[PDB]
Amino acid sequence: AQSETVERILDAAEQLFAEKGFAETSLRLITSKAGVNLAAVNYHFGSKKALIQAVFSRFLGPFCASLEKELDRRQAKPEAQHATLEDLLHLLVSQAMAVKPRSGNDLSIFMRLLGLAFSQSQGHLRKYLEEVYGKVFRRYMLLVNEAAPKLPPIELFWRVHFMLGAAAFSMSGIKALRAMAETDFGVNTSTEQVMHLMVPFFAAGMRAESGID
């Protein structure tokens, strides 16, 4: 109820932001959609940026907690050897699958919002996500750096974003894409099946010869 006031606000915000983007979604629209008063939004968040940050954290909090625990667990193994790109990419997939569903469209909505964070240049969010989750992500990225052939760092940056974009687009558009596949091929491909298909594609892309000559 205190929990639920916050949940109703975050559910309203996450749906509206995913539908309309950040700029076009007001706090008063979120308030009316959440069925709470504006003071509740003021109390719990205090600004649109803080509410955007909290919507992200409701997804990334459990994910990163769980990813960190699993890295710790895998690196504590007595016979632990270095993760391969496929290991590391599968790890992220298994971790995303492990996140307790809320909307039942959780990965797609996260990825929709992630793309909007880029297209609406949400610098504040980049700073926040660094401040809160930067440790585990830096740790993960170093393992990816190590598992791939040596690349110019700037090229590594772009290839990581190619992976992220492929994932974000596929998941953001997963309803349309699964409808297309049903129409064109007569199959249902599941969201977890799609994520597993990304793995060989991404691993090979990461290992490709440099395009900086």
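Quick note: we count residues from 1 along the sequence shown, nothing fancier.
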For the higher mean C-alpha B factor in the entry, choose 46-54 or 158-166. 46-54
As stated in the PDB record, which stretch has the larger average Cα B-factor, 12-20 or 188-196? 188-196
Member of 27, 36, 181, 174 with the greatest C-alpha B factor (per the PDB record): 36
Checking the record values for 118, 137, 110, 128, which has the greatest CA B factor? 137
Ordered by C-alpha B-factor within the chain, which third holds residue 98? Give me lowest, middle or highest, please. highest
Chain thirds of CA B-factor: placement of residue 80: highest
